[PDB]
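S.K.: Sharing a structure here in C-alpha cells format.
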Amino acid sequence: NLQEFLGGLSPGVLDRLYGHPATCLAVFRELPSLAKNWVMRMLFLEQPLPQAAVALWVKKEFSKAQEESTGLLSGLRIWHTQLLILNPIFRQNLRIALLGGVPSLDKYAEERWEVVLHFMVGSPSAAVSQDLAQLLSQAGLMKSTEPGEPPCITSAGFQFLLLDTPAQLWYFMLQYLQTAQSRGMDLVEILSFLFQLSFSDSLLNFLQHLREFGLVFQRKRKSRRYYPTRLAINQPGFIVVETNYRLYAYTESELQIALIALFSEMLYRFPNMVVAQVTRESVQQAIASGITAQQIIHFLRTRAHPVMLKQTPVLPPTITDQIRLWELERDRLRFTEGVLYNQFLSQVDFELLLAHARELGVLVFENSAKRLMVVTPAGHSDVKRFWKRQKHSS
Amino acid sequence: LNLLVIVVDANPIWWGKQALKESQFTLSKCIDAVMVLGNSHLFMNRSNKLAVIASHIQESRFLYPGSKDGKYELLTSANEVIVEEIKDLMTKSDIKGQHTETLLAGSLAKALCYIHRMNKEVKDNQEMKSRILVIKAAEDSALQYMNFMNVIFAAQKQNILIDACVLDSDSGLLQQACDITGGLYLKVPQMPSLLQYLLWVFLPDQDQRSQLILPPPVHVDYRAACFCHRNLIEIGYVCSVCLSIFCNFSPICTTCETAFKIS
Amino acid sequence: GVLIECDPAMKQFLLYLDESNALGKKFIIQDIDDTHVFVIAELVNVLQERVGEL
Amino acid sequence: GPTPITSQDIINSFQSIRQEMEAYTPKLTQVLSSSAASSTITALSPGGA
Ligand SMILES: [Zn+2]
Ligand SMILES: [Zn+2]
C-alpha cells in the first residue's frame, strides 16, 4: 500500500518529498481516522507540547487507535519530540495547502490497459513497444532470455494477470517506482506527480510511460497540458458458474476469454457468450504455471454474473472445494545451498553454535536430537572460525 | 461525509460596541477564525462540505452556497465569496431602533432546511452527518424562545448536533438548546485565542467526538416560572389547553378562558 | 545440501529412487526427519514428470 | 416563555463596524499567535481552565 511505500523511506527523502503543492495533502488523506484531527490541531502552534498530553488526549476506550496513529505518524516523522511540534517545513506547506500561498478518457484507459494485458499474454496481435517490453521484463513478471524470440511469461506473471485491475495497476506502478530508482530516475519528482494527479527530461519520460500505460492522454500531439483518466487518480460481472464445472461468460473482449482459458477448457464461443469447462487438466495446468486456487476463486467471484449474486455464497461450494482440493493435490520440491557438520560431542555446547548461524542468516535447518546443523557455503568461513574459537575456549 | 454549517452571530450593535471600545478582538478577526475553521473542515476530506450563515437584527444571509498565491482553488473561492458577501452585508444595513436584539432562531431554521435539502440531493450511497457550529456573540431575546425551541426539537428529530460556542455571554436558552441535541457547549473566555478552541473542541466530528477528551458539559438549569412575574417555580399548574406553567391555583387561567369546574 | 520440504507419507517416494538409480553413489545424502530431505542438485525438473502418475 | 431575562450608541457602533472591515484576509499572522495558542492548550489541560 501507499502507506507501506511512504513508511519505507528515510527522513532526508521524506522532508524533500513533502513538496508544497500536493504531497502534504495526499499524505494527509492517508491518515486513517484521528491523526487528521491532531494534524489540524497543531498546524497553528509554534511551541512544542508534552507527550503526556497527547497520551491522555484519548479516552481509555479505543486507545489502540491512539497508539497506532502515533506510531504511524512517528514513522512518517511529521513531528519531533524536541524534548511534539510538527516539522516546520511540513507545517508551512500544510498551511499553504489550507487557505494559504471524460467518457472517452475512461474508454481510452480501458483499451490501453487491455492491449497491455494482451501483450502480457501470448496474444499474436498486440501493441509493440520495446521500452514497455523491457520494463515489464525487468519488473519481475516477465523473462525473455532471447531478444529474437518474444519473451515468455514467468510464474509471477500469471498471478499478476489474474489480479483485479486496481490492485494490478497499483502493484505495477509500485514496481515502476522501484525500477525507476534502479534506472536512476529521481523517485521524489515522479512520486509527487502521482499525488498531484489525484487533485524536465525525467518528467517527460515518466509521463510518456504513464501515457503508454493509459493513465493519461495529452490528446494534443503531446502537449504540456494533460487530462488524466480515471485510473490516474488511483463493474458488473459476466461469468455464470454451474454445479458441473461449466462456465458461461458473456465476454466479447478477447482478454477475458484468454484469462478464462488460462484455467479452463473452452468448448464453444458465441458472439456474446463463451462456454468453458473447469477440469482437472486446466486447473492443474494453471497451478503448475504458478497460480493458486485463491486467485482463481477471487477472479470468478469478482467477475460473477448478477444472476448468481442472489444465491449465497455466490460461487457454489462444490466448485470452490473442488478447485481447492485440486490445488492441494500438488506439493512440490525446493532448492537451497548448504553444508553439514557432525560429531558435536557435548549437548549444551551444540545449543550455543545454533545461535551463531541464526544471527548471521546462514542457518537453514537445525536438529537438537542428532546435532545436525546445515550451513550455507556463503558463510562457511565465519562459522568454522567460531567453532574453532569455541574449541579453544573448551 | 460531514456537512458543517457555521451560524455566526454578527450582531452589528455588539460588534460595533467592541469597535468603539477599541478592544483587541474584532469582527474581522472573528470572521477570519470562522473562515479558517471552515477551510480546515473541508481540508479534512474532499467529501466534507460546509456552509456559512450570518445573523443580523433584520434577517440572516448565507455567506456560502486561479492560484494567484499558489492556493487551492476551492478554498480560494470560499475565501473570496465569504469576504465579499460579509463586507456587503455589513456595509449595507437599515436602522431600526425598535428592533436591535440579534436574531438566531430564523438563521437556525434556514440552516436546518438547507441541511434537509442537501440530505435529499446527496446520493443515498453515502451517509451525511451534518452539524451546526453556532457562534453566538450577543444576548438572546426573550420573545424568540418558542421558535428557537421548535427548531431545536426539529434538529433533535432530524439528528443534527448544535455545537454552541457562545462568547462574552452565557445564553441559557442556547445552552439548553445544545444540551437537548447533545452538541458540545464551550464558553471561550479568551477571545483572541478562539481559533485554537475550534480546532480542538468543535472541529472533530461526531464520529471521533466520543473517542476523544473534551471539556465536560456545563450543568443546565431547566428552570420553570409562572406566566405572571417571571420567576423560578418548582410546582406548575398547567391546564389541558394552554399547557402553560402558572403561579397558583385560579378559577380560570387567563390564557384559556375555559369554564373550569371546581371539585 | 539442498533443503526440500515434503510430506511424511511422500518422503519414502524419493527413497525408492535412491535404491533404484545407478547414476551416482547415493541420491539422498542426509534425511533430516519426515518433512525435510537433502539431495545432490539435479532431479527437481525430472520429478515433475512423475506428477502425472502421482 | 418561562425562560427569564443610548440611541446614539447604536449609530456609533454601526458606523464604526461599517468602517472596521475595509481590510480583509489578515490570516497570515493576525488571527493567531503562538503564546496565546500555548495558553489555550495549557487551559485545555486537565488542571487548566
Ligand atoms: Zn405568579
Ligand atoms: Zn388554559
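S.K.: Explain nothing, just compute: Karplus ³J(HN,Hα) = 6.51 cos²θ - 1.76 cosθ + 1.60, θ = phi - 60°, for every residue of the range D:19-24 in order, whole Hz, x for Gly and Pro.
M.R.: In residue order, the calculated couplings are 7, 5, 9, 6, 10, 9 Hz.
S.K.: Can you tally the net charge around D:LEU28? Count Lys and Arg as +1, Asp and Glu as -1, for every other residue whose Cβ sits under 15 Å from the Cβ of D:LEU28.
M.R.: The answer is +3.
S.K.: What spacing in nm lies between the two simple spin-label points modelled at A:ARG77 and A:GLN277, each 7 Å away from Cα in the Cβ direction?
M.R.: Here the answer is 6.1 nm between the modelled labels.
S.K.: If you take all C-alpha pairs in the range A:76-118, what percent of them are over 12 Å apart?
M.R.: 71 percent
S.K.: Please compute the length gained on full extension between A:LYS384 and A:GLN235, using 0.36 nm multiplied by the number of residues separating them and subtracting their Cα-Cα distance.
M.R.: Values: separation 149, 0.36 × 149 = 53.64 nm, distance 6.10 nm.
Using 0.36 nm per residue and subtracting the Cα-Cα distance, I get 47.5 nm.
S.K.: Going Cα to Cα from A:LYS310, which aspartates and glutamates come in below 18 Å? Please leave out same-chain ones fewer than 8 positions away.
M.R.: A:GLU242
S.K.: Please report the orientation-averaged projected area of chain A, defined via the convex hull of its C-alpha atoms, in nm².
M.R.: 30.3 nm²
S.K.: According to a simple spin-label model (label point 7 Å from Cα along Cα-to-Cβ), what is the distance in nm between D:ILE5 and A:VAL307?
M.R.: The answer from the label model is 8.1 nm.
S.K.: Moving on. Using DSSP, restrict attention to beta bridges with both residues in the protein assembly as shown and report what percent are antiparallel, rounded to the nearest 5.
M.R.: In the protein assembly as shown, approximately 60 percent of DSSP beta bridges are antiparallel ones.
S.K.: Could I ask something else about it? For the range B:115-248, build the convex hull from the C-alpha positions and give me its volume per residue in Å³.
M.R.: In the range B:115-248, the Cα hull volume divided by residue count equals 157 Å³.
S.K.: Give the shape of chain C as rounded, prolate or oblate, defined through the alpha-carbon gyration tensor: a ≥ b ≥ c are the square roots of its eigenvalues, a/c under 1.5 means rounded, and otherwise the shape is prolate if a/b is larger than b/c and oblate if not. Before the final figure, lay out the partial values.
M.R.: Working: a/c = 1.41, a/b = 1.02, b/c = 1.39.
Because its axes are fairly even, with a/c under 1.5, chain C counts as rounded.
S.K.: Are there any trypsin sites (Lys or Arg not before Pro) in the range B:87-164 that are in a DSSP loop and have at most 11 other Cβ atoms within 10 Å? List them by number.
M.R.: B:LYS92, B:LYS96, B:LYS123
S.K.: Given +1 on the Cβ of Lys and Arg, -1 on the Cβ of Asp and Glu, and no further charges, what dipole in debye does the protein assembly as shown carry about its Cα centre, rounded to the nearest 20?
M.R.: Taking the Cα centre of the protein assembly as shown as origin, the dipole is about 920 debye.
S.K.: P(r) of the range A:304-394 in 10 Å steps, Cα pairs, percent per bin?
M.R.: 13, 31, 14, 10, 13, 13, 6, 1
S.K.: Sticking with this structure for a sec: Sketch the reach of a paramagnetic label on B:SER169 as a point 7 Å from Cα along Cα-to-Cβ, and name the residues of the range B:217-236 whose backbone nitrogen lies under 12 Å away.
M.R.: Label zone hits: none.
S.K.: Could you list A:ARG95, A:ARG334 so that the one with the fewest beta carbons within 10 Å of its beta carbon is first and the one with the most is last?
M.R.: A:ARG334, A:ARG95
S.K.: Quick one: go through the range A:142-178 and flag any residue whose amide nitrogen is under 20 Å from the point 7 Å out along the Cα-to-Cβ line of A:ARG269.
M.R.: A:162
S.K.: Next up: What list do you get for D:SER16, A:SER137, A:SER104 if you sort them by fewest beta carbons within 10 Å?
M.R.: A:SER104, A:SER137, D:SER16
S.K.: For a quick check: sort B:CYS247, B:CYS30 by the number of other beta carbons within 10 angstrom, fewest at the front.
M.R.: Working: B:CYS247 15, B:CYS30 22.
Ranking B:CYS247, B:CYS30 by Cβ neighbours within 10 Å, fewest first, gives B:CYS247, B:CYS30.
S.K.: Could you size up the charge dipole of chain B around its Cα centre, putting +1 on the beta carbon of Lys and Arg and -1 on that of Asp and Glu, and report it in debye to the nearest 20?
M.R.: That gives a dipole near 260 debye.
S.K.: Another question, if that's okay. What trypsin sites (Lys or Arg not before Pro) does the range A:37-78 have in DSSP loop regions with at most 15 other beta carbons within 10 Å? Don't jump to the answer; show the numbers that get you there.
M.R.: Values: sites: A:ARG41, A:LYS59, A:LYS60, A:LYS64, A:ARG77; in loops: A:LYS59, A:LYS60, A:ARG77.
Counting only loop positions with at most 15 other Cβ atoms within 10 Å, the trypsin sites (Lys or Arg not before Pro) in the range A:37-78 are A:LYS59, A:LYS60.
S.K.: Now, a different point. For peptide A:56-64, how many partner chain Cβ atoms fall within 10 Å of a residue's Cβ, on average?
M.R.: Taking the mean over all residues of the peptide, I get 3.
S.K.: Over all alpha-carbon pairs in the protein assembly as shown, figure out the percentage whose distance exceeds 49 Å.
M.R.: For the protein assembly as shown, the fraction of Cα-Cα distances above 49 Å is 43 percent.
S.K.: Using only Cα atoms, what Kirkwood radius does chain B have, in angstroms?
M.R.: Working: mean 1/r = 0.0492 Å⁻¹.
Kirkwood radius, chain B: 20.3 Å.
S.K.: Using the Cα centre of the protein assembly as shown as origin and beta-carbon charges of +1 (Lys, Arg) and -1 (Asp, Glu), tell me which of B:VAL122, C:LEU17, B:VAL238 is placed farthest towards the positive end of the dipole.
M.R.: Projecting each Cα onto the dipole axis, the largest value belongs to B:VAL238.
S.K.: So, one more: Out of A:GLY214, A:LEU45, A:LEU98, whose Cα points farthest toward the positive end of the dipole of chain A (charges: +1 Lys, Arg; -1 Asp, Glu; placed on Cβ)?
M.R.: A:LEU45
S.K.: Under a crude label model (7 Å from the Cα following the beta-carbon direction), how far is A:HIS392 from A:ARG324 in nanometres?
M.R.: Between A:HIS392 and A:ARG324, the label points sit 5.7 nm apart.
S.K.: For A:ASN367, enumerate residues with amide H under 5 Å from its amide H, sequence gap 5+ or separate chain, H modeled in the peptide plane.
M.R.: Here the answer is A:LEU372, since their amide H atoms fall under 5 Å of that of A:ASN367.
S.K.: To the nearest 20 debye, what is the magnitude of the charge dipole of chain C about its Cα centre, counting +1 on the Cβ of each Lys and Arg and -1 on the Cβ of each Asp and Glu?
M.R.: So the dipole magnitude of chain C works out to roughly 200 debye.
S.K.: Quick one: if the Förster radius is 25 Å, what FRET efficiency do A:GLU337 and C:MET10 give, using the C-beta to C-beta distance and rounding to 0.05?
M.R.: For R0 = 25 Å, the calculated efficiency reads 0.60.
S.K.: Kindly write out, for the range A:261-270 in residue order, the coupling ³J(HN,Hα) from the Karplus curve 6.51 cos²θ - 1.76 cosθ + 1.60 (θ = phi - 60°), rounded to whole Hz, with x marking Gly and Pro.
M.R.: 5, 4, 9, 8, 8, 7, 10, 9, 9, 8
S.K.: Provide the convex hull volume over Cα atoms per residue for the range D:1-43, in Å³.
M.R.: Taking only Cα atoms, the range D:1-43 has a hull volume of 213 Å³ per residue.
S.K.: Still on this structure: Go ahead and run the numbers for FRET between B:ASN248 and B:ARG223, Cβ-Cβ distance against an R0 of 22 Å, rounding to 0.05. The partial results should precede the final answer.
M.R.: Details: r = 18 Å, r/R0 = 0.80.
Here the calculated transfer efficiency is 0.80.
S.K.: Of the chymotrypsin sites (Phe, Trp or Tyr not before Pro) in the range A:263-337, which ones lie in a loop per DSSP and count no more than 11 other C-beta atoms within 10 Å? Don't jump to the answer; show the numbers that get you there.
M.R.: Details: sites: A:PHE263, A:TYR268, A:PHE299, A:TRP326, A:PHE335; in loops: A:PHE263, A:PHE335.
Here the chymotrypsin sites (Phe, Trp or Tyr not before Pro) that fit, given the DSSP loop and packing criteria, are A:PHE335.
Cβ coordinates were reconstructed from backbone atoms using ideal geometry, including for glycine residues, and neighbour counts include every protein chain displayed. Just so you know, all these numbers are worked out from the coordinates, no wet-lab data involved.
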